[PDB]
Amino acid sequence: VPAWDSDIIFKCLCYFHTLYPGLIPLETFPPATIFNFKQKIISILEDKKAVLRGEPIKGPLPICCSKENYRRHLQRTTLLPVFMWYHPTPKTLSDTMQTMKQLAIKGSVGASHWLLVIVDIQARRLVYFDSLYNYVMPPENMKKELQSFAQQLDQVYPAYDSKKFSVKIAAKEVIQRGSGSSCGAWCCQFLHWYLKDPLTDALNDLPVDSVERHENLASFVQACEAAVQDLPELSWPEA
């Protein structure tokens, strides 16, 4: 399991869209951070609302998608896959990005991490997946912050019947125990299980052995690399 950078994660999301068209393949460059992921999601869901009323979108067009295609995505999507790039040190979005840029040139992970927040529009579910279990803060604190965020989302994107957005913390233990490179791949793997089954408890079923579980993850990665080989580069699928 090598390191999955943003480009490979994007591709894999593109591919994921062609399998599960309700997933919008949100760009990972520049990615969401722990400082702006809320605002980014709110802005996406507001643009979705505009699209449903035939109105103009306000928020920014993706770099690799036409206006027209982005409207159709927004109309069809039932699932926002938000990839969050974390490092413990930077204390602002701009610093986070600078650190991200810096760590690319040094060509190491360092202490950097990817997190996944799934905004499941259909189930009305916020799903927080950290393969390190508590790299950003404890799961219980993160749950509480997300229950707050989930209430803003009830106001921003109301349901027909006022069903409230619920929050699940995906990882109950450290998932990527004996690997410091696998966090992108884990995030895509967890995503894929979730698409296959949103009622998944795939994480609970994992083999206890850290080697076994990363062998399986490696197969996963090979299957995806094979599956996206011929797909266009830097190019959203057409919704």
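All residue numbers are counted from 1 along the displayed sequence.
- prompt: Which is higher on average in the deposited entry, the C-alpha temperature factors of 128-136 or of 89-97?
  reply: The recorded data point to 89-97.
query: For the stretches 104-112 and 162-170, which has the higher mean C-alpha B-factor as given in the deposited record?
result: According to the entry, 104-112 carries the higher average C-alpha B-factor.
- prompt: Hey, out of 44, 199, 187, 175, whose CA B-factor is highest in the deposited coordinates?
  reply: 199 has the highest C-alpha B-factor of those listed.
- prompt: Among the chain's modelled residues, which third holds the C-alpha B-factor of residue 239?
  reply: Lowest third, going by the recorded CA B-factors of the chain.
message: Please say which third, lowest, middle or highest, residue 120 falls into when its CA temperature factor is compared across its chain.
response: It belongs to the lowest third of the chain when residues are ordered by C-alpha B-factor.
message: Among the modelled residues of this chain, does the Cα B factor of residue 155 put it in the lowest, middle or highest third?
response: Middle third.
query: Against its chain's modelled residues, does residue 49's Cα B factor rank lowest, middle or highest third?
result: Middle third - that is where residue 49 ends up once the chain's C-alpha B-factors are sorted.
Residue 34 CA temperature factor, ranked by third within the chain: Its C-alpha B-factor belongs to the highest third of this chain's values.
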